[PDB]
Amino acid sequence: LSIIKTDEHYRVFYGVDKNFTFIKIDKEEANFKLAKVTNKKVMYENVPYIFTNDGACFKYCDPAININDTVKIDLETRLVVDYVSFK
Amino acid sequence: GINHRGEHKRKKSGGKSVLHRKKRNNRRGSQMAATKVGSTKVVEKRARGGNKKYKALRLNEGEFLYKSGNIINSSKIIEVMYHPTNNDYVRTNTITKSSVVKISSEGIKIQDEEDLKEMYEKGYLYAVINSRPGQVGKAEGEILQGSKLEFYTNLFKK
Amino acid sequence: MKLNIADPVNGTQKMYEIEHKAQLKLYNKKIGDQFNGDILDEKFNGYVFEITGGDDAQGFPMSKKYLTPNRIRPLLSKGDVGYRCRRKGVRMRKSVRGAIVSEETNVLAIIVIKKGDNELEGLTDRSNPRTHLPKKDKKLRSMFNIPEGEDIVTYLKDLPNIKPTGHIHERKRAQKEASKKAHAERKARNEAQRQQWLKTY
RNA sequence: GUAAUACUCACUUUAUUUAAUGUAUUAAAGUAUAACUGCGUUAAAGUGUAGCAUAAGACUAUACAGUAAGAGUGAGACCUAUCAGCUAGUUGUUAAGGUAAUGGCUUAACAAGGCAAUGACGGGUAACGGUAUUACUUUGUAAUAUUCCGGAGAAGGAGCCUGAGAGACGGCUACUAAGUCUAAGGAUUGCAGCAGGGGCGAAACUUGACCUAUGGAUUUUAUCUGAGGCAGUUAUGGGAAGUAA
Ligand SMILES: [Mg+2]
Ligand SMILES: [Mg+2]
Ligand SMILES: [Mg+2]
Ligand SMILES: [Mg+2]
Ligand SMILES: [Mg+2]
Ligand SMILES: [Mg+2]
Ligand SMILES: [Mg+2]
Ligand SMILES: [Mg+2]
Ligand SMILES: [Mg+2]
Ligand SMILES: [Mg+2]
């Protein structure tokens, strides 16, 4: 989340004692976003698809991305940019 | 009106049962719609959360499939020959699932087989329904060929 | 009974009173049947009249489709004669009157079909002017033949102001074409990705 | 009211439905009734006939997440032998109808199965189940209307419309028990919602002010809110203290 005024950006994940925290980050980290694949199948008219945790659908990605690997969402063009495999 | 609950029946041991709540709307039933033969007629239903159902009161010109040549063509419906559970439906002419009938062979183009040839001189052929008429709203089925014809014809009226 | 009459071509309605010996002539007549006005009075010669409604002595209205002389209590719903609804799908019982006319009818609603010999001084003489105009521009342009589509302006040039509705239906018709512009370019973008996606693989 | 079908815990639902939410795919001239104007009706409660009357409106389909709910399997739970045999849609097979869905859930045909001293079948309860929380303790007992989660009912019974979701009761229909208004033709009511009165008893409070704070009603900064706060009456209990040095 961010404010358009004052250029303040935060990433939301848990602290250490099971509580919500907000950590100020940089504008180079303010672009992208991380998520994790849960399911993948081919839809109508022979188009591949990859389903993430939040419910976004993505097509025509790299075939080296498997069911459990994580992705990197650009958040502005809504395109899969980078992935990290699971090992 | 008609419920499908299970709270009224006896136990496994045979003792009586007791109720504690009134009738719910979740388990709700309807009466039997017997599909006859005549001029065509379709009414609509309303089910839980939209999802419209179609019921057919009087049905005519059902669709059937030829198994050997693999084409589909329409025919008329004349008579019913056999019904499995209740044998009174044959005198009232009601069409349900898996009940064999007698159809016109006008538009059908048959191959030359030994068994179908003698009925093909007349107008009639045989078919068996495979769809739920009261809930889908239209009949579809297969044409009897081969040893499947040998099984049903022992059960005919004679 | 006192009769209520109205003029459809003039827009005037009035009430009148009958002698008792003409009241027995009107017995056993279904709502919706015409009759000649000679049997009612000498003043009403040459008049054609038709019954369309009436009330009871206790105020209960008469229905059209029940075909009985006496009172009935059916389960009315929305839109029938006798029940004005305030919720949705909520139907209840009331009390109405049947169609055929007997001695318990109190008033009668009578339409005028054909004018007789003599003119009525309050009913047939004066005309009452109309009050409202259509808002739709297509039937507004047919009555006033103006081609340049200045509906309020040429009416001001004709000069009771009328507000047309051509602006409202133009607004959603513009928004309906707004979707087709943005939707079509979406189909170009995925296809440029698709042909690019199959170049590597 | 219900001794378990309700509740708690561990599993299944490829056997199922979901308005408002998120990300995506697809498609795109003609036709009523109100408010208005004008004639009326009845003790009341409500209702009628006209002006070719006259407005806005109505005549895309699916996926996957996400919330919500339905349906199953197994195990646990008070007293009684002056309650020892019980069960006939009861147990099973085939087939069909119906439901959003599995299933004797209902109906034809056939067969004789199913449960019990490890307590079946009966009878009683001055019996809503767990839980936060109190006591007393050497492997644990007893209370738990009271905080919170879950289930059932709106005088007693039954039936149904609208709707994504009601067998709804500050929604409708009928019967039974109690009534109230009237010009005698008819019309009408459900305080186990907040105050308050009557009866019953040994036994339990103001016919009070208000959207300040926490929330709900499809964006809730000004609309509504007897939900919820703020004050008055009472030896219901627990604290920090007085009546001297
Ligand atoms: Mg009108
Ligand atoms: Mg039977
Ligand atoms: Mg308890
Ligand atoms: Mg009471
Ligand atoms: Mg309620
Ligand atoms: Mg209820
Ligand atoms: Mg009820
Ligand atoms: Mg009440
Ligand atoms: Mg009270
Ligand atoms: Mg007391």
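Within segment B:107-115, identify whether any single residue is among the aliphatic types (A, V, I, L, M), closer than 14 Å to B:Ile72 by Cα and more than 16 Å from RNA strand D (Cβ to nearest atom), and answer yes or no. First the steps, then the outcome.
At the first step, the residues of segment B:107-115 found to be among the aliphatic types (A, V, I, L, M) are B:108, B:110.
Add one more test, that the residue is closer than 14 Å to B:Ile72 by Cα, and what stays is B:108, B:110.
Of the ones still in play, those that are also more than 16 Å from RNA strand D (Cβ to nearest atom) are B:108, B:110.
Yes, some residue in segment B:107-115 is among the aliphatic types (A, V, I, L, M), closer than 14 Å to B:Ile72 by Cα and more than 16 Å from RNA strand D (Cβ to nearest atom).
With the condition being closer than 29 Å to C:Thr131 by Cβ, I'd like the strands (runs of 3 or more DSSP E) fully within segment C:1-87 carrying at least 3 qualifying residues. Lay out the reasoning, then the answer.
On the way: elements: C:2-7, C:12-17, C:34-36, C:48-56.
Qualifying strands (runs of 3 or more DSSP E): C:2-7, C:12-17, C:48-56.
Can you tell which of B:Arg46, B:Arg58 is within 14 Å of chain C (Cβ to nearest Cβ), within 16 Å of RNA strand D (Cβ to nearest atom) and farther than 16 Å from B:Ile103 by Cβ?
On the way: B:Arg58 fails: within 14 Å of chain C (Cβ to nearest Cβ).
Answer to the selection: B:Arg46.
Can you go through C:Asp80, C:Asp55 and tell me which one is surrounded by 16 or more Cβ atoms within 10 Å (Cβ to Cβ) and near RNA strand D (Cβ under 6 Å from one of its atoms)? Spell out the reasoning first.
Details: C:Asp80 fails: near RNA strand D (Cβ under 6 Å from one of its atoms).
Among C:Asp80, C:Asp55, only C:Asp55 is surrounded by 16 or more Cβ atoms within 10 Å (Cβ to Cβ) and near RNA strand D (Cβ under 6 Å from one of its atoms).
Quick test for you: out of B:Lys22, B:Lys52, pick the one residue that is more than 22 Å from the chain's Cα centre (by Cα), in a loop (DSSP other than H, G, I, E, B) and of a type in the set (D, E, K, R).
B:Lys22
Would you check which residues across segment A:59-68 are of a type outside the set (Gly, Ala, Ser) and either surrounded by fewer than 16 Cβ atoms within 10 Å (Cβ to Cβ) or within 11 Å of the chain's Cα centre (by Cα) (or both) and list them?
The first filter runs over segment A:59-68 and keeps only residues of a type outside the set (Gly, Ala, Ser), leaving A:59-63, A:65-68.
The answer is A:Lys59, A:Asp62, A:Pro63, A:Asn66, A:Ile67, A:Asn68.
Cβ contacts < 7 Å: first residue within 14 Å of chain C (Cβ to nearest Cβ), restricted to segment A:39-65; second residue in a loop (DSSP other than H, G, I, E, B), any location; separation 6+ or different chain. Result?
What qualifies is A:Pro48/A:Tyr60; A:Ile50/A:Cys61; A:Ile50/A:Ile65; A:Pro63/C:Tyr201.
Collect the residues in segment A:66-87 that are away from chain C (no Cβ under 13 Å) and polar (S, T, N, Q), keeping them in residue-number order.
We begin by selecting, within segment A:66-87, every residue away from chain C (no Cβ under 13 Å); these are A:66-76, A:81-87.
Hits for segment A:66-87 are A:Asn66, A:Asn68, A:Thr70, A:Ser85.
Being more than 6 Å from RNA strand D (Cβ to nearest atom), surrounded by 10 or more Cβ atoms within 10 Å (Cβ to Cβ) and assigned to a loop (DSSP other than H, G, I, E, B) is the filter here, so list the residues in segment B:1-19 that pass it.
The first filter runs over segment B:1-19 and keeps only residues more than 6 Å from RNA strand D (Cβ to nearest atom), leaving B:2-3, B:5, B:8, B:19.
Then drop every residue that is not surrounded by 10 or more Cβ atoms within 10 Å (Cβ to Cβ), which leaves B:3, B:5.
Once the filter is applied, which keeps residues that are more than 6 Å from RNA strand D (Cβ to nearest atom), surrounded by 10 or more Cβ atoms within 10 Å (Cβ to Cβ) and assigned to a loop (DSSP other than H, G, I, E, B), segment B:1-19 yields only B:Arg5.
Can you tell me which residue is surrounded by the most Cβ atoms within 10 Å (Cβ to Cβ) among those in segment B:61-93 that are within 15 Å of RNA strand D (Cβ to nearest atom) and part of a loop (DSSP other than H, G, I, E, B)?
B:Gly62
B:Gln135 passes all but one of (1) under 23 Å from the mean Cα position of the chain (by Cα); (2) not in a helix (DSSP H, G or I); which number fails?
(2)
I need every pair where a residue in segment C:186-201 that is facing chain A (nearest Cβ under 9 Å) has its Cβ under 7 Å from the Cβ of a residue that is assigned to a loop (DSSP other than H, G, I, E, B), sequence separation at least 6 or different chains.
C:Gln193/A:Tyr60; C:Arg194/A:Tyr60; C:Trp197/A:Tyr60; C:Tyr201/A:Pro63
Which residue, of C:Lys88, C:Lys64, is closer than 24 Å to C:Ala6 by Cβ and either of a type in the set (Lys, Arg) or buried (at least 16 other Cβ atoms within 10 Å of the Cβ) (or both)? Show your work before the answer.
Details: C:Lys88 fails: closer than 24 Å to C:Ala6 by Cβ.
Checking each option against the conditions leaves just C:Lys64.
Looking at (1) closer than 28 Å to C:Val9 by Cβ; (2) touching a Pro at 6+ places or on another chain (Cβ under 8 Å), which is the only condition C:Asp151 fails?
(1)
Every read-out reported here was derived from the displayed coordinates using simple, explicitly stated rules and does not represent laboratory data. As a convention, Cβ positions derive from the backbone with ideal geometry for all residues, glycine included, and neighbour counts pool all protein chains shown.
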